Each structure stands twice: as C-alpha cells, then as structure tokens.
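Worksheet for the structure shown next.
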Amino acid sequence: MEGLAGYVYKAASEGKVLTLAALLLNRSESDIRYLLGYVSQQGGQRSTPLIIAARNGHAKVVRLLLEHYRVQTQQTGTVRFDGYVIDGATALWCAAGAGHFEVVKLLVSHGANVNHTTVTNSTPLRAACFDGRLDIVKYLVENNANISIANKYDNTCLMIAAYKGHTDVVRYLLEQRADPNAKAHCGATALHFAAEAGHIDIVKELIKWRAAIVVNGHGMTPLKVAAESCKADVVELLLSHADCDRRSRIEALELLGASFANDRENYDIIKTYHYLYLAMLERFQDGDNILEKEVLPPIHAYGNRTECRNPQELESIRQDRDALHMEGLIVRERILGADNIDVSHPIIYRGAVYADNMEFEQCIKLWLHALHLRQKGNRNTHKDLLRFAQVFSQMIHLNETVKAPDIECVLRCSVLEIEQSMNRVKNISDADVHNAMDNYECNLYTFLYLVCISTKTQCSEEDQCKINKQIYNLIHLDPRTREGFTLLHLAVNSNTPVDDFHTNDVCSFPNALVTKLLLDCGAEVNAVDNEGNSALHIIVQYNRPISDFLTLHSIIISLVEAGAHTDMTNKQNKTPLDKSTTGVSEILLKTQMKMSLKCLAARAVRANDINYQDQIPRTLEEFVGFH
Amino acid sequence: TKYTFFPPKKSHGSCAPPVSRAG
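From first to last, the protein sequence lines stand for chains J and K.
For the first sequence, the tail end lands on 627 under the entry's author numbering, and the numbers increase by one without skipping.
For the second sequence, the tail end lands on 234 under the entry's author numbering, and the numbers increase by one without skipping.
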C-alpha cells in the first residue's frame with residue numbers, strides 16, 4: 001500500500017495524465033486520506049504530490065489531483081528550494097517562489113491561504129517577490145493579502161523586492177500605497193537594501209515616492225551604506241537628494257574612495273585617488289570655513305599614516321598604490337568606525353593581498369587589527385582564526401620567522417572566542433545547535449593549529465611564558481568536542497581533521513610537541529571521551545608506528561611521565577594493551593608499564609565481577625571503576 | 212574556491228539584510 005502512493009509521488013514530477021487512471025479506477029476508498037494526503041519526502045522535503053508539482057511547475061498534475069476529486073493542499077513542510085531549505089513552506093508558498101503565475105492562480109481559485117506564514121513568519125507575497133514578476137504579484141495583491149505583514153527579521157515585501165532588483169515589483173508596491181518608511185529588525189529602511197545592490201532605478205522610484213533618508217540601526221545613513229558597497233550611481237543620486245548638507249557629503253565621498261580602494265568586485269586605484277581628491281577639493285572649497293579633517297591617532301596596523309589633511313599630501317601619495325591602500329583603509333576606519341560590521345572585510349582582503357605578495361608582516365598586522373575589530377563586535381570569527389593558522393603555517397613552510405607576540409595575540413583571541421563559543425553552545429538548545437557545535441569543533445582545531453605553530457616558532461622566556469599562560473588558561477576550562485574529545489585527545493588523535501590548505505605542511509596530528517606542551521601546561525592526562533578512551537587508548541590506536549616512530553615514542557613517553565594509568569579501560573571494557581592494534585606500540589607500552597599490585601587487584605576484581613558497590617573506599621571505588 | 216588567501220566571505224553584507232530563503 002505504501003509503494004502504491006510512493007509511485008504516485010514519484011510520478012507527480014513526471015507526466016502520467018492518462019496513465020495513472022489504472023491505479024485509481026476500481027480502487028478502494030478508505031485510503032483517500034493517505035493517497036491524496038501523502039506527505040512524503042523525496043530527499044527530505046515534507047510535501048505532497050501537489051506541492052512538488054507546484055514547486056517543479058506542474059499545473060497539469062494539480063488538475064490531475066483535482067480531476068474528479070479534491071485534495072487539501074495547505075500543509076506545512078520544510079522544502080529545499082533551489083539554493084537553500086525553508087521550513088514551514090506550503091503549496092501556495094512554493095508555487096509563488098518558483099515564479100509560476102498560472103499555478104498560483106490555480107491554487108488561489110481552488111482555495112489556498114494567501115497569508116500562510118512559514119515558521120520564519122514569511123508571507124507568500126515576499127516569497128514570490130524574491131523572484132518577483134509583475135503578473136504573478138498582480139492577483140496576489142488583489143487577493144486582499146496585506147503587504148504590510150512583517151517577517152521574522154521584519155524583511156517586508158518592499159525591502160526584499162528592492163534588494164533583489166525588481167523595479168517592476170517595487171513600482172507595483174509603492175503605487176498601491178505601501179509602507180515607505182518601514183523599519184527592519186536590523187534598522188534598515190528599504191533604501192539601504194536598495195543601495196546595497198546598486199539598483200539605480202529602484203532608488204529612483206523610492207525617492208520618487210518620498211522614501212526620505214533615515215539612519216539605520218548600525219549608525220549609517222543610506223548614502224553611507226551606498227558608499228560602503230563601492231556603488232557609485234546611487235551615491236550620486238543620493239548626493240542629489242537636495243537635503244544632504246555638506247559634512248555628510250564630504251564624508252560620503254571619502255567613504256566612496258575608501259570602498260573603491262579595497263574590494264575584489266570593484267577595485268580601482270585611480271578611482272580611489274580621484275574620489276579622495278574630489279573630497280579634498282570640495283572640502284577646502286571656500287578657504288574660510290575650511291572643513292579641517294578630524295583625524296583619529298595613527299594605528300600601527302595601517303603602517304603609520306595619518307590620513308591626509310592637505311591637498312599637497314594627497315598629491316604626494318598619488319602614484320604609490322600601497323600607500324593609497326593604507327589611506328583608503330584609514331579613511332574607511334574613521335568614517336565607518338571600529339564598531340561597524342562591514343569595516344573588517346577590506347582589512348581582511350588587504351591582508352590577503354599582502355599575503356599573496358609574500359609580505360607577511362603587514363598581513364599579520366592587518367589581520368590582527370581585523371580580528372580585534374571582529375572580536376570586539378562579538379561575531380563568528382572561526383574563519384578568521386583558521387586564516388591566521390593558514391598564514392602562520394605558510395610562514396613556517398617557507399622557513400620564515402614568525403613573531404611570537406603575534407602568536408600570543410591570536411592565541412588570546414582564540415581562547416576568548418572559544419569561551420564565547422562555549423557560552424553560545426550552552427545557550428542554544430536546538431535552533432542552530434549543530435552549527436554551534438561545528439563552530440566549536442573547528443575553533444578547537446584552529447587553536448590546536450596555532451599551538452602546533454607556536455611549538456615550531458622560536459620564542460624567548462617571556463614570550464613562551466605568555467603563550468603557556470594562554471594554553472594553561474584554555475586547559476582550565478576543559479574544552480570538549482562532540483564525541484567527548486578533550487584538548488589533549490585531539491592533539492593525540494590521528495583522526496583529528498587537518499585543513500586542506502597550507503596547514504598540511506606544518507600541523508600534522510598526532511604531534512608530539514603539542515602533547516608535550518599541553519602536558520607541561522597542566523592538561524588532565526586521565527581525561528576520557530564519550531567513547532571512554534583516554535589519551536593513551538587513542539595514541540596506541542595510531543596506525544602508523546614506523547613512519548613517525550620518533551613522534552610516537554616521544555608522545556608515549558610524555559603521556560606516561562605525565563601520570564596516566566597504563567591500565568584504565570574505556571566504555572567497552574578494553575585495556576589499551578588489548579586496543580594497541582600494533583606490535584610496535586604494544587611493545588613500547590609494555591616497556592613503559594610500571595607494575596603495581598593495585599592495578600592487578602583492581603583488574604582481578606573487575607574480571608571476577610565481584611559486587612563492589614558500597615563495600616570499598618569511594619576513591620578506590622572509582623579506581624576499580626576504570627580498572 | 213576558498214583555498215586562496217582571498218577572504219572566504221564575499222563581502223559579508225548580510226548585516227542589514229538577513230537574506231531571505233537562506234539558512
């Protein structure tokens with residue numbers, strides 16, 4: 001009976017308009033709610049045959065399902081639309097999202113919820129407007145469906161339609177008395193989105209319908225947002241707003257030059273110099289009432305430049321491209337502020353360019369500044385820490401010296417970010433717990449990469465003391481991954497993931513130096529994972545005893561000297577000698593096994609399975625617990 | 212193509228718009 005409905009679900013994507021008749025003629029009746037109400041998942045999309053027909057663009061299958069009968073179509077589900085998954089979708093929502101006007105009109109005429117908000121409180125109108133067409137939204141707004149309905153993040157139809165280059169859609173929206181000054185949860189008011197994608201006609205139509213300029217939540221005017229994303233025509237239009245004053249105009253021009261300095265999609269240096277020079281000239285337009293630049297004190301990351309308060313000094317840095325890169329970074333920092341979200345991206349890109357040109361020291365300085373700015377904003381910076389690990393590994397691989405204070409700074413940042421990662425993991429229950437655990441695991445991996453790099457970098461007594469202080473601080477929180485792996489277990493484990501980039505040239509696990517440093521920094525040597533293995537079980541399960549026998553011997557000596565039992569069992573009640581899976585490792589461990597009557601007695605008790613609960617001392621109770 | 216040191220983020224830019232149909 002299940003296969004009969006599964007074949008109909010499979011044929012819903014196909015065409016069997018006059019073929020599926022044999023399955024239903026002289027069929028039963030009590031299975032209607034399971035055949036028509038078949039809610040299956042073809043790959044993980046909670047849907048019906050009608051829903052997948054609308055999503056794929058089969059109005060003929062909808063008419064098939066409404067040939068001589070009728071099916072209820074308004075159902076919740078998580079449909080994986082082209083690009084991404086959406087939870088709480090429905091038939092009308094999916095028909096609108098795929099740009100099928102006829103299917104949408106068929107669903108409306110047959111009866112569908114025009115306001116069927118998803119789990120993310122998303123209306124079908126904005127779902128259509130993501131790929132909006134005029135003809136598909138005509139009847140949708142003529143079905144008395146309110147366009148002023150908010151969203152999970154208050155992204156209304158107008159905001160997304162202005163962001164996605166849908167001038168016809170925004171025209172039909174504002175011509176029907178929509179909300180001009182709508183406020184999103186992030187604070188943007190449908191002009192920042194219109195100026196984010198550089199749509200000149202959309203901004204033209206919004207200013208035509210009296211959109212007006214108001215600062216968003218992040219302390220940026222729409223003009224400054226337009227100048228942030230390297231767009232020019234919308235900046236010219238917004239400067240032609242006729243109510244813009246002058247201070248905002250010069251700071252917008254400087255920001256436009258700054259954005260043109262560092263962005264891959266729009267990179268010009270002549271445009272940067274010309275925009276900054278226009279800012280300088282229009283700044284000193286009168287002589288008296290000269291708009292002297294207030295300049296923040298020089299920051300060591302961008303060299304030691306101090307902007308340019310004069311036309312002569314802007315002329316002096318005309319031909320020097322890297323000087324103009326630093327100048328653009330500095331004016332962007334001054335205008336956008338250090339608390340902006342999209343101020344660290346050009347710093348990261350400039351550090352990347354300097355890394356590609358084999359100038360690592362300035363790359364390290366710029367990336368440290370970007371990491372500090374991103375950490376003060378309390379954002380997901382695991383990608384940045386992985387980038388730090390990659391650039392340090394490339395510095396080591398070219399036999400280039402790595403400055404110890406840089407490693408200390410990035411280690412402090414990684415420790416702090418792992419602290420907030422633990423806080424986020426504890427706070428998040430099930431919304432994005434998988435994403436939080438992935439970020440936590442990759443952050444632990446980045447910290448171990450940084451530790452492995454720090455082992456191979458020459459440091460003084462003070463520098464090594466500070467690095468060991470950071471390592472000691474991170475040990476005393478006892479970070480753990482999904483399968484209970486402590487920070488020692490990951491450095492011990494050969495199965496610890498290594499980034500496919502240049503970290504492969506430096507950080508290879510198991511690494512003896514990392515384990516020696518961690519044990520010398522006070523790691524819990526007897527710690528266990530969810531599987532119950534200690535560090536010793538993981539290191540004896542190493543499948544390569546001859547290729548890096550020196551590494552294996554050093555790490556086994558370190559773990560034994562640190563005081564781990566050579567006898568403790570895992571959850572599967574296996575002594576690591578029984579889990580050595582290697583003659584060489586077994587011989588080494590049996591050489592390092594210190595004989596003791598205590599372990600022999602405890603193992604005898606465990607083997608005979610004598611009832612020891614509430615008979616022996618509690619510490620010895622635990623002792624026989626793991627022996 | 213994240214392998215090059217060029218930033219994995221496109222331009223970020225998802226600060227003010229939470230991208231619809233993306234999660």
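For every residue, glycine included, the Cβ atom is placed at its ideal position computed from N, Cα and C.
Listed by chain order, chain K residues near residue i by CB distance under 9 Å
| i | result |
| --- | --- |
| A352/J | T215, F216, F217 and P218 |
| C186/J | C226, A227, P228 and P229 |
| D233/J | Going along chain K, no residue has its Cβ under 9 Å from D233/J, so there is no contact; the nearest lies around 18 Å. |
| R374/J | By Cβ distance, chain K contributes nothing, its closest Cβ being about 10 Å from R374/J, past 9 Å. |
| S229/J | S222 and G224 |
| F549/J | Neighbours of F549/J on chain K: none; closest Cβ ~32 Å, over 9 Å. |
| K365/J | Chain K residues near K365/J: none, gap ~15 Å exceeds 9 Å. |
Per DSSP, the bridge partner or partners of residue i
| i | result |
| --- | --- |
| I86/J | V79/J |
| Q41/J | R46/J |
Neighbouring residues, chain K, relative to residue i (Cβ below 7 Å)
| i | result |
| --- | --- |
| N56/J | Chain K residues near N56/J: none, gap ~17 Å exceeds 7 Å. |
| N439/J | Ordered by position in chain K, no residue passes the 7 Å Cβ test against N439/J, which lies about 14 Å from the chain. |
| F447/J | Under the 7 Å cutoff, chain K gives no residues; its nearest Cβ is about 19 Å from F447/J. |
| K271/J | By Cβ distance, chain K contributes nothing, its closest Cβ being about 17 Å from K271/J, past 7 Å. |
| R606/J | Within chain K, no residue comes near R606/J; the closest Cβ sits about 49 Å away, beyond 7 Å. |
| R126/J | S231 |
| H345/J | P218, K220, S222 and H223 |
Neighbourhood of residue i by C-beta, 8 Å cutoff - its chain only, sequence neighbours within 5 removed
| i | result |
| --- | --- |
| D233/J | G198 and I200 |
| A96/J | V104, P124, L125, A127, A128, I136 and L140 |
| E14/J | none |
| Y612/J | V605, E621 and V624 |
| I475/J | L487, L518, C521, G522, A523 and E524 |
| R63/J | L106 |
| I299/J | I330, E333 and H369 |
| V343/J | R332, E333, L336, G337 and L373 |
Neighbour list for residue i in chain K, Cβ cutoff strictly below 8 Å
| i | result |
| --- | --- |
| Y349/J | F217 and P218 |
| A355/J | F216 |
| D430/J | By Cβ distance, chain K contributes nothing, its closest Cβ being about 15 Å from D430/J, past 8 Å. |
| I341/J | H223 and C226 |
| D263/J | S222 |
| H100/J | The premise fails here: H100/J is roughly 16 Å from chain K at the closest Cβ pair, so nothing lies under 8 Å. |
| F193/J | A227 and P228 |
| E196/J | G224, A227 and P228 |
| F130/J | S231 and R232 |
| residue 634/J | Nothing about residue 634/J can be read from this structure; chain J reaches only from 1 to 627. |
Contacting residues, own chain, Cβ-Cβ under 6 Å from residue i (five flanking each side not counted)
| i | result |
| --- | --- |
| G257/J | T272, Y275 and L276 |
| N113/J | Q74 |
| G77/J | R46, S47 and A89 |
Test: residue i CB closer than 8 Å to a CB of chain C
| i | result |
| --- | --- |
| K183/J | Of the chains in the structure shown, none is chain C; the protein chains are J and K. |
Residue i Cβ short of 7 Å to the ligand ATP heavy atom set
| i | result |
| --- | --- |
| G6/J | Ligands displayed in this structure: none; no statement on the ligand ATP is therefore possible. |
Own chain partners of residue i with C-beta closer than 7 Å, once the 5 adjacent residues on each side are dropped
| i | result |
| --- | --- |
| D505/J | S393 and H397 |
| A5/J | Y34, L35 and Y38 |
| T306/J | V295 and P298 |
| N380/J | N439 |
| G303/J | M326 |
Quick one, which residues of the stretch 387-407 of chain J are near chain K if we go by CB-CB under 9 Å, in chain order? Within the stretch 387-407 of chain J, the residues whose Cβ lies closer than 9 Å to some Cβ of chain K are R387, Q390, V391 and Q394, listed in chain order.
Taking only beta carbons into account, state which residues of the stretch 145-173 of chain J come closer than 7 Å to chain K, listed in chain order. Hits within the stretch, in order: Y153, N155, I160 and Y163.
With contact counted as at least three CB pairs below 8 Å, one residue from each stretch, are the stretch 484-498 of chain J and the stretch 422-437 of chain J in contact? Under the three-pair Cβ rule at 8 Å, the stretch 484-498 of chain J does not count as touching the stretch 422-437 of chain J.
Taking 8 Å as the threshold, find out whether the stretch 130-144 of chain J comes into contact with the stretch 163-176 of chain J through three or more Cβ pairs. Contact annotation: the stretch 130-144 of chain J touches the stretch 163-176 of chain J, with at least three C-beta pairs closer than 8 Å.
Residues in the stretch 71-89 of chain J with C-beta within 8 Å of chain K's C-beta atoms, listed in sequence order? The stretch 71-89 of chain J vs chain K, Cβ under 8 Å: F81, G83, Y84, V85 and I86.
Please determine if the stretch 360-367 of chain J and the stretch 605-624 of chain J are in contact, where contact requires at least 3 C-beta pairs separated by less than 8 Å. The stretch 605-624 of chain J and the stretch 360-367 of chain J do not touch, with fewer than three beta-carbon pairs separated by less than 8 Å.
Listed in chain order, which residues of the stretch 295-325 of chain J have Cβ atoms closer than 7 Å to some Cβ of chain K? Contact annotation: in the stretch 295-325 of chain J, no residue has its CB less than 7 Å from a CB in chain K.
Short of 8 Å Cβ to Cβ, which residues in the stretch 278-293 of chain J face chain K? Residues: none.
Could you please tell me which residues of the stretch 211-222 of chain J, in chain order, have their CB closer than 9 Å to any CB of chain K? Along the stretch 211-222 of chain J, the positions whose C-beta sits under 9 Å from a C-beta of chain K are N216, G217, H218 and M220, read in chain order.
Counting Cβ pairs, one atom from each stretch, are 3 or more of them under 8 Å apart for the stretch 250-257 of chain J and the stretch 281-294 of chain J? By the Cβ test, the stretch 250-257 of chain J is in contact with the stretch 281-294 of chain J, since at least three Cβ pairs between them sit closer than 8 Å.
Are the stretch 315-324 of chain J and the stretch 221-241 of chain J touching, with three or more C-beta to C-beta distances below 8 Å? Here the stretch 315-324 of chain J does not lie against the stretch 221-241 of chain J, with fewer than 3 beta-carbon pairs under 8 Å apart.
Are the stretch 509-524 of chain J and the stretch 404-423 of chain J touching by the rule of at least three beta carbon pairs closer than 8 Å? Because the criterion of three Cβ pairs below 8 Å is not met, the stretch 509-524 of chain J and the stretch 404-423 of chain J do not touch.
Take every Cβ of the stretch 181-190 of chain J, pair it with every Cβ of the stretch 143-162 of chain J, and state whether three or more of those distances are shorter than 8 Å. Short answer: they touch.
Can you pull out the residues from the stretch 490-522 of chain J whose beta carbon lies closer than 8 Å to at least one beta carbon of chain K? Identification of residues in the stretch 490-522 of chain J having a C-beta nearer than 8 Å to some C-beta of chain K yields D500 and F501, given in sequence order.
Please confirm if the stretch 83-95 of chain J is in contact with the stretch 41-60 of chain J, defined as three or more CB-CB distances below 8 Å between the two stretches. Result yes; three or more Cβ-Cβ pairs closer than 8 Å.
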